[PDB]
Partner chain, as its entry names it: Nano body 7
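Quick heads-up: it's one chain on its own, the form solved without its partner chain, in structure tokens.
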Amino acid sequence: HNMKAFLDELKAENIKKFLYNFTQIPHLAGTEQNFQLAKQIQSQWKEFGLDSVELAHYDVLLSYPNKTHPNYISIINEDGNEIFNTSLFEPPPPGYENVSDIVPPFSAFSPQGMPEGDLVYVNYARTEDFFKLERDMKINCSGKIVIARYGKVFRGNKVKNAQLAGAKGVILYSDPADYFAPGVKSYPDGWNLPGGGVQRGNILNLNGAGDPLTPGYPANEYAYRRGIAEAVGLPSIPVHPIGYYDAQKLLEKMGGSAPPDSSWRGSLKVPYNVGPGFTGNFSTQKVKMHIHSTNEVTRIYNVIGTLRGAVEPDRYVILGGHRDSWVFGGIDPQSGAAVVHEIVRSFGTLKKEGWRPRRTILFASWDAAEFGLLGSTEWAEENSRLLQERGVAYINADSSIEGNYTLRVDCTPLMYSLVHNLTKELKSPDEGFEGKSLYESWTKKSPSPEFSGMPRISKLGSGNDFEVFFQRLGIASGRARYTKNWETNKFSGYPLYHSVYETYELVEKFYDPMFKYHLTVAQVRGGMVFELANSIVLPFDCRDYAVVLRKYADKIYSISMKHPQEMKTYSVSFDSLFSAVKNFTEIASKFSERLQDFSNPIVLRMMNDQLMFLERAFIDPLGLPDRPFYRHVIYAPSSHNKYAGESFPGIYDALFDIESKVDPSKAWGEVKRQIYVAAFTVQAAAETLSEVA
């Protein structure tokens, strides 16, 4: 009973069977079908051998279209005649044209409204796109309906940016430039997005809060809820997503200013004029949105499985991923959930033979992730005291594949060495690398930008269920999946993301017919969980944090040094931060020496507690400015793109666009405050690794 036994028990054929099982009907959060799936998973995890398997339910704010009053967009003429209407649904895929309860495309949490106005095209609706419009082009979005292409940044940030520009509505669409790979056919004949395809998704700006009505506390049966007016993160203007056939009809008549440059042009045969409004002949026509979606407090269900530890049952290694989907969830999330299911089955086989892990393993099937990470966040709010004193690590398990090219890992620096070591022991599933390690193929295909002979491992961003564990609670977190070639594939994510076309057949036909990439991902995620839960000494290398901290300090200093005169005027010094990083490096090196130089279980556990609480030490209980649930001082989701991680986010945000601030003394004062907070936090974290007395 060792890791090899665990790994060998995992089967591609089982992952395939589970994926098929999980994807025959929609499992939208808050629906009966997703409750039934929760009950099925609960029953199977018990069967598989877990010690306890419970449902944890919460009543959270969700959002749904009105079944009898459909959402749509029109072009309306000067007489009020609606001369063009966007689609009411995606053409369902072959053999699913009679499937009931497919939610039509909508932007979850949009308010209701019927705004009419002139269109402005805002490219990706990024912060810099809006800078270009108002500052350079002198185009005013106030009272306009903005149309933005999906891609580059989280859609909630696009909506926030549009609101702040004064838009009265937002239309999101999928441009073939970003969602149609050259030389591949549209679904069902290939993996591209057809012109009738539409990306669903929520447009909240929760900043880690969880359920909009209950920030800080679980949405249990006696919860006090905020009124809707005080809810966290809701958009103030109506929003709706469309496909590129419909977008073409909205964009083709656009007049006003030409696009500023080629980076504003997608692939449709339209000029990509910014507007506002339509060309001469059509200048009296307008665009009208009709949004009738409703926000509803609705019950959601997490499945929580426990495999009790033999030696340290009060130490938790968590493997979690969500279960709710927009429609069939062929990739997102069921390609992940099928992998978790097989991992539970394998651990359970060992358990039935008399094995237990050293530490407790918790397995989670989260609900309502698509509506803002609600299930994971409410559960973590409920259990925060247990998690912060006992939480060793969190391994996420959403989509197992977004491509078939190579591995992708995003994690805390504390897991780098674990990931390198594990992948050296796993077989590469790649063509041309038969008999080679996954480390070799991954390193060849995705080289580290810093180091020769190492693979790229990214920072954690957000937009997935590790957010509460990592950025709020400070528990070492990681994720892994198979991905595309980022050098040659310039499209955004995978094309059929959050569409009706994301099916079992998509995966089986186009992504992973042999389920070998799924199996490799199960071995990576499961192997990480195995080592974290069973290694005598926790498999964290504090020295890897020291290396990245210096890289991040260099980076933030370099941003600041774009303003040398202001740094002179306001005496802005990074000396404290570099000092703290130098001290962290020294103390980490000495800790590492002791870790290998110590039969004493108290010194061991004392050392294991130092390892465990190291990630915890980067937490500031006061949070980041105006984002109280982003508490990690080294990493937060980018304020411009929830998906991306930002390093030293407090200093980064203080420096961002600083040359535009009206009061430079105040602005640079805040930069100096953030440097102090960061230097202090790095030093305090270092000191947790010093000898304890």
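Residue numbers count along the first chain shown, from 1.
The form solved in complex with its partner chain exists for this protein as well; it is not shown, and the discussion that follows is about that form.
Residue contact with its partner chain in the deposited complex: residue 565 places a heavy atom within 4.5 Å of it. Within 4.5 Å of some heavy atom of its partner chain in the deposited complex lies at least one heavy atom of residue 554. Heavy atoms of residue 458 never reach within 4.5 Å of its partner chain in the deposited complex, leaving it off the interface. Using a 4.5 angstroms limit between non-hydrogen atoms, residue 559 touches its partner chain in the deposited complex. No residue in the set 425, 507 and 511 has a non-hydrogen atom no more than 4.5 Å from its partner chain in the deposited complex. With the partner removed from view, the residue among 550, 132, 444, 543 that has a non-hydrogen atom within 4.5 Å of its partner chain in the deposited complex turns out to be 550. Listed residues 491, 264, 405, 578 were compared with its partner chain in the deposited complex; 578 is the one with a heavy atom within 4.5 Å. Stretch 448-456 is the contacting one of 477-485, 448-456, 346-354, 425-433, since its residues have non-hydrogen atoms within 4.5 Å of its partner chain in the deposited complex.
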